[PDB]
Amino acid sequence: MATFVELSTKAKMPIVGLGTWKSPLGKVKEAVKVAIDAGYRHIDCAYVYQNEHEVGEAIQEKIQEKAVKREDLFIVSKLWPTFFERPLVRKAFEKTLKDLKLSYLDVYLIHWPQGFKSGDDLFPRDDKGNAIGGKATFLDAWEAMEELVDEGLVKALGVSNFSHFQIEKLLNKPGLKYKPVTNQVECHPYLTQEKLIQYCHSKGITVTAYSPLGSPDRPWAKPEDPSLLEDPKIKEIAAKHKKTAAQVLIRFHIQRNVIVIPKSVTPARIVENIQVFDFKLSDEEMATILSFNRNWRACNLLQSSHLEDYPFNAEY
């Protein structure tokens, strides 16, 4: 049902995908089955979500029942930064691929640019809650990830939560084999990412917008925090099209050629979230939405600026 954004590899990445962070076991399998039924072909996964085994089961079912073919699915996962040491990249990946019950991933991403203390404690922190770093860097990880592409286990690599400085650091690495095909970052009307999107596109890098609905269920949300779904100015535009706020928030990215990955385990909403190809936001509506930028991050809670390669303090 989705249109696509063409990658530099010429592969076609479906422009709407299904997010899976915080999708509980017992619900994420049904969420994936409903999404594939509703036309979704892009599923966004990660090691750290600890639910890939259930996503894998759902994907397998639907393949078994002729609902869809593997080659028409676009499956993305992410390498967590406790596994940046070369040998751990492979092991972490093997776990992700075994859990997803697949023979290859369409895209494998660096989840976050800063290396953490290596190993299977996923959230190494000091007594205050500050991240504990490791010596292996995202360039060390990328080296190991490039092997996976050589071997055909992964069709393309990308990054997530990179600023243009980290992308430059990657693109400018001498001896680079594969370039990233996408940069997955938070993006919505309160964080429009104009300069970052401009930069990525100019380098042949697509952008995938995460938390496009402002992630209203994030555990750290405070009642005073901005709420996109309840924003009267967003709802105004949705009303004009007899659509929902969520549909507007999703359509916003599609019209910027930015891939978008809203999360839901609610069947009605999973369906709602992909009914975004039967309307168009006007230029005036797009301009108004863009004007809502307040450089605001729903995902900005973690304490890690004390380590090298912190992405969020640069201008873009």
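Under this definition, the rigid core comprises the largest set of C-alpha atoms superposing within 1.5 Å between the forms. The first residue of the sequence shown is number 1, and the count goes up from there.
For this session: Name the stretch, 218-226 or 117-125, whose C-alpha atoms sit farther from the shown form on average in 4 other deposited structures of this protein, taking the rigid core as the superposition reference.
Result: Of 218-226 and 117-125, the stretch deviating more in 4 other deposited structures of this protein is 218-226.
For this session: State which stretch shows the higher mean Cα B factor in the entry: 138-146 or 219-227.
Result: According to the PDB entry, the answer is 219-227.
For this session: Using the B-factors recorded in the PDB entry, average over the C-alpha atoms of 294-302 and of 15-23, then report which stretch comes out higher.
Result: Mean B over CA atoms: larger for 294-302.
Problem set entry | Out of 211, 130, 82, 163, residue topping the C-alpha B-factor column of the entry | Checking the PDB record, the top C-alpha B-factor among 211, 130, 82, 163 is at 130.
For this session: For residue 240, return the chain-relative third of its C-alpha B-factor as stated in the PDB record: lowest, middle or highest.
Result: It belongs to the middle third of the chain when residues are ordered by C-alpha B-factor.
For this session: Just say lowest, middle or highest third for the CA B-factor of residue 111 relative to the other modelled residues in its chain.
Result: Ranked within chain, residue 111 CA B lands in the lowest tercile.
For this session: Would you check the entry's CA temperature factor for residue 254 and let me know if it's in the chain's lowest, middle or highest third?
Result: Within its chain, residue 254 is a middle-third residue by C-alpha B-factor, going by the deposited values.
Exercise. For residue 101, does the deposited CA B-factor place it in the lowest, middle or highest third of the chain?
Worked result: For residue 101, whose C-alpha B-factor we compare with every modelled residue in the chain, the answer is the middle third.
Exercise. Going by what the PDB entry lists, where does residue 193 fall on CA B-factor within its chain: lowest, middle or highest third?
Worked result: It belongs to the middle third of the chain when residues are ordered by C-alpha B-factor.
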